[PDB]
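A.B. asks: Quick one: the structure is below, questions incoming.
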Amino acid sequence: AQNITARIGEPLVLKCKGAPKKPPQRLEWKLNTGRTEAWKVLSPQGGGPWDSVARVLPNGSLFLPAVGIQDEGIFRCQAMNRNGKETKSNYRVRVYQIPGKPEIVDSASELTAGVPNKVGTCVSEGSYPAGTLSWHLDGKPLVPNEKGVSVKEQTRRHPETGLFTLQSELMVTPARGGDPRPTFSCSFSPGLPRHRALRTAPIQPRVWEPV
């Protein structure tokens, strides 16, 4: 049943299939989401508190002003022409949100070519879903296990807004006689196959020999 993604706090319209543009219409909207467990059905326009959340338009389509988190789920619409021609619609809804540009904090301007050093802590604020936080070296990706690399990831959730926060502190051990001018960048990339990663502005500290 058709996959659908929509940004939280935006609007969204679900076109009821085979329904006449202006009443009389024989339509029905079922919906399974966070706000209703399991199924709820709506009457046309009225004083009920659902006309702020999701209501049917003259067009016949269902329309929600502010898609939120609790609106992830399943939306069904069964329609009827005068002749009886059934035409149904099965909408699977998932909601997303892009977080602020990934800034680095606690960064370091100089590091030694001897011991592991903390490069910095990457921070992304207000996402959905969480998604990864990958560090990069000279435009190329890096691997946490080897060589002489470490990563200290994390993930929170704001109890109110339901949005996520990610932290990815890095640590490296520069190979002796290696490049004194590395170049590090972090990035947020959601799991979906659309939005590109949000890179951070590259930092490039220096690798001094110890003594």
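Ligands are numbered from 1 in the order shown, residues from 1 within each chain, and chains are lettered A, B, ... in the order they appear in the structure tokens.
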Hey, what's within 7 Å of range 95-100 of chain A if we count only C-alpha atoms and toss same-chain stuff fewer than 5 positions away? As a VMD selection string, please?

C.D. replies: chain A and resid 5 to 8 69 72 124 to 129

A.B. asks: What are the DSSP strand (DSSP E or B) residues of range 69-197 of chain A, as number ranges by chain?

C.D. replies: A: 73-80, 86-97, 103-105, 110-112, 117-128, 132-137, 140-141, 149-157, 164-172, 184-189

A.B. asks: Taking only C-alpha atoms into account, which of A:91, A:45, A:84, A:37 comes nearest residue 16 in chain A?

C.D. replies: A:91

A.B. asks: So that each row is one residue of range 42-122 of chain A with an atom at most 10 Å from range 164-169 of chain A, can you give its shortest atom pair and the distance in Å to one decimal, using only C-alpha atoms, rows by chain and rising number, as a Markdown table?

C.D. replies:
```
| residue | atom | partner | partner_atom | distance |
| --- | --- | --- | --- | --- |
| A:97 | CA | A:164 | CA | 9.8 |
| A:99 | CA | A:164 | CA | 8.6 |
| A:102 | CA | A:166 | CA | 9.5 |
| A:104 | CA | A:169 | CA | 9.2 |
| A:105 | CA | A:169 | CA | 9.2 |
| A:106 | CA | A:169 | CA | 9.1 |
| A:107 | CA | A:169 | CA | 9.6 |
| A:118 | CA | A:169 | CA | 7.3 |
| A:119 | CA | A:169 | CA | 7.5 |
| A:120 | CA | A:169 | CA | 5.6 |
| A:121 | CA | A:169 | CA | 4.0 |
| A:122 | CA | A:168 | CA | 5.0 |
```

A.B. asks: Tell me, as an MDAnalysis selection string, which residues lie within 12 Å of residue 170 in chain A, counting only C-alpha atoms; anything in the same chain fewer than 3 positions away does not count.

C.D. replies: chainID A and resid 104:108 116:123 133:137 142:145 148:154 167 173 184:186

A.B. asks: Please produce a file of those selected residues containing N, CA, C and O atoms, as a tab-separated table (two decimals), in the first residue's frame.

C.D. replies:
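Contents of out_30.tsv, as written:
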```
chain	number	residue	atom	x	y	z
A	104	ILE	N	30.19	20.92	15.37
A	104	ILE	CA	31.16	20.23	16.19
A	104	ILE	C	31.46	21.09	17.41
A	104	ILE	O	31.56	22.31	17.30
A	105	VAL	N	31.59	20.47	18.58
A	105	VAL	CA	32.00	21.18	19.78
A	105	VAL	C	33.20	20.50	20.42
A	105	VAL	O	33.59	19.41	19.99
A	106	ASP	N	33.78	21.15	21.43
A	106	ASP	CA	34.94	20.62	22.15
A	106	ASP	C	36.09	20.20	21.23
A	106	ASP	O	36.88	19.32	21.58
A	107	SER	N	36.18	20.83	20.06
A	107	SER	CA	37.20	20.47	19.08
A	107	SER	C	38.60	20.83	19.56
A	107	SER	O	38.77	21.58	20.51
A	108	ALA	N	39.60	20.28	18.87
A	108	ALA	CA	41.00	20.49	19.24
A	108	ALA	C	41.81	21.01	18.05
A	108	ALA	O	41.70	20.49	16.94
A	116	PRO	N	46.21	8.40	21.63
A	116	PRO	CA	44.87	8.78	21.18
A	116	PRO	C	44.49	10.17	21.66
A	116	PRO	O	44.69	10.50	22.83
A	117	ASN	N	43.93	10.97	20.75
A	117	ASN	CA	43.46	12.31	21.07
A	117	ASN	C	41.97	12.45	20.74
A	117	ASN	O	41.49	11.89	19.77
A	118	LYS	N	41.26	13.20	21.57
A	118	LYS	CA	39.87	13.56	21.28
A	118	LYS	C	39.79	14.70	20.27
A	118	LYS	O	40.08	15.86	20.58
A	119	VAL	N	39.39	14.38	19.04
A	119	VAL	CA	39.22	15.38	17.99
A	119	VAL	C	38.07	16.34	18.30
A	119	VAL	O	38.22	17.55	18.17
A	120	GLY	N	36.94	15.79	18.71
A	120	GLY	CA	35.80	16.62	19.05
A	120	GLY	C	34.52	15.82	19.17
A	120	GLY	O	34.52	14.60	19.01
A	121	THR	N	33.42	16.51	19.46
A	121	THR	CA	32.13	15.85	19.64
A	121	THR	C	31.09	16.41	18.68
A	121	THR	O	30.69	17.57	18.80
A	122	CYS	N	30.64	15.59	17.73
A	122	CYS	CA	29.65	16.01	16.74
A	122	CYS	C	28.25	16.02	17.36
A	122	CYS	O	27.90	15.11	18.10
A	123	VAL	N	27.46	17.05	17.07
A	123	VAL	CA	26.16	17.17	17.70
A	123	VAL	C	25.06	17.57	16.71
A	123	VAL	O	25.15	18.59	16.03
A	133	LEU	N	25.67	9.27	12.36
A	133	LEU	CA	26.61	10.39	12.40
A	133	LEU	C	27.99	9.88	12.01
A	133	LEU	O	28.71	9.34	12.84
A	134	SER	N	28.36	10.06	10.75
A	134	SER	CA	29.61	9.51	10.25
A	134	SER	C	30.69	10.57	10.12
A	134	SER	O	30.44	11.66	9.62
A	135	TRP	N	31.90	10.24	10.56
A	135	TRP	CA	33.03	11.14	10.41
A	135	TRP	C	33.77	10.86	9.11
A	135	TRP	O	33.66	9.77	8.55
A	136	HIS	N	34.50	11.84	8.61
A	136	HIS	CA	35.17	11.71	7.32
A	136	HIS	C	36.60	12.22	7.38
A	136	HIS	O	36.90	13.16	8.12
A	137	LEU	N	37.47	11.61	6.59
A	137	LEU	CA	38.87	12.03	6.53
A	137	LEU	C	39.30	12.34	5.10
A	137	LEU	O	39.33	11.45	4.25
A	142	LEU	N	35.74	7.09	7.28
A	142	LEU	CA	36.69	6.42	8.16
A	142	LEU	C	36.04	5.26	8.92
A	142	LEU	O	34.83	5.23	9.10
A	143	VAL	N	36.85	4.31	9.37
A	143	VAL	CA	36.34	3.16	10.12
A	143	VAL	C	36.77	3.23	11.58
A	143	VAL	O	37.93	3.50	11.87
A	144	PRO	N	35.83	2.99	12.51
A	144	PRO	CA	36.05	3.15	13.95
A	144	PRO	C	37.04	2.18	14.57
A	144	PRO	O	37.80	2.59	15.44
A	145	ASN	N	37.04	0.92	14.16
A	145	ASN	CA	37.92	-0.05	14.80
A	145	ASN	C	39.41	0.21	14.58
A	145	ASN	O	40.15	0.47	15.53
A	148	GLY	N	43.87	2.68	14.60
A	148	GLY	CA	44.10	3.60	15.70
A	148	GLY	C	42.99	4.63	15.83
A	148	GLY	O	43.25	5.80	16.12
A	149	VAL	N	41.76	4.18	15.59
A	149	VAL	CA	40.58	5.04	15.62
A	149	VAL	C	39.63	4.60	16.73
A	149	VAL	O	39.67	3.45	17.16
A	150	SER	N	38.80	5.52	17.22
A	150	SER	CA	37.78	5.21	18.22
A	150	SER	C	36.57	6.09	17.96
A	150	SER	O	36.68	7.10	17.28
A	151	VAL	N	35.41	5.71	18.50
A	151	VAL	CA	34.18	6.50	18.39
A	151	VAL	C	33.33	6.30	19.63
A	151	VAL	O	33.19	5.17	20.10
A	152	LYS	N	32.76	7.36	20.18
A	152	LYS	CA	31.93	7.21	21.37
A	152	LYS	C	30.52	7.76	21.18
A	152	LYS	O	30.18	8.82	21.72
A	153	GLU	N	29.70	7.02	20.43
A	153	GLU	CA	28.36	7.45	20.03
A	153	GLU	C	27.34	7.56	21.17
A	153	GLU	O	27.56	7.07	22.27
A	154	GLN	N	26.21	8.19	20.86
A	154	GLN	CA	25.13	8.39	21.82
A	154	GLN	C	23.82	8.77	21.10
A	154	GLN	O	23.83	9.05	19.90
A	167	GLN	N	25.14	12.37	19.51
A	167	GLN	CA	26.51	12.78	19.81
A	167	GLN	C	27.50	11.72	19.36
A	167	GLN	O	27.30	10.54	19.60
A	173	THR	N	44.69	8.26	16.77
A	173	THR	CA	46.10	8.09	17.06
A	173	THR	C	46.88	8.19	15.76
A	173	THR	O	46.96	7.22	15.00
A	184	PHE	N	39.12	16.88	8.97
A	184	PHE	CA	38.02	16.10	9.52
A	184	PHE	C	36.66	16.75	9.33
A	184	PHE	O	36.49	17.95	9.55
A	185	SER	N	35.68	15.94	8.93
A	185	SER	CA	34.30	16.41	8.86
A	185	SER	C	33.33	15.30	9.28
A	185	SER	O	33.55	14.12	9.02
A	186	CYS	N	32.25	15.72	9.93
A	186	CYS	CA	31.22	14.82	10.42
A	186	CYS	C	30.03	15.05	9.51
A	186	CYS	O	30.09	15.92	8.65
```

A.B. asks: At a cut-off of 12 Å, using only C-alpha atoms, what residues contact residue 12 in chain A? Leave out same-chain residues fewer than 2 positions from it and give the result as a ChimeraX atom specification.

C.D. replies: /A:4-10,14-15,53-56,61-68,71,93-95

A.B. asks: Could you pull the residues within 8 Å of range 18-27 of chain A, counting only C-alpha atoms, minus those fewer than 5 positions along the same chain, as a count of residues only?

C.D. replies: 10

A.B. asks: Give me, as a PyMOL selection string, all polymer residues having an atom no more than 7 Å from residue 31 in chain A, counting only C-alpha atoms and skipping those fewer than 2 positions away in the same chain.

C.D. replies: chain A and resi 29+33+39-41+74-76

A.B. asks: Name the closest residue to residue 89 in chain A among the candidates A:49, A:43, A:140, A:3; distances are taken between atoms, counting only C-alpha atoms.

C.D. replies: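 Among A:49, A:43, A:140, A:3, it is A:3 that comes nearest to residue 89 in chain A.
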
A.B. asks: For each of A:183, A:11, A:193, A:51, take the minimum atom-to-atom distance to residue 141 in chain A, counting only C-alpha atoms, then give the residue where this is smallest.

C.D. replies: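 Counting only C-alpha atoms, the residue closest to residue 141 in chain A is A:183.
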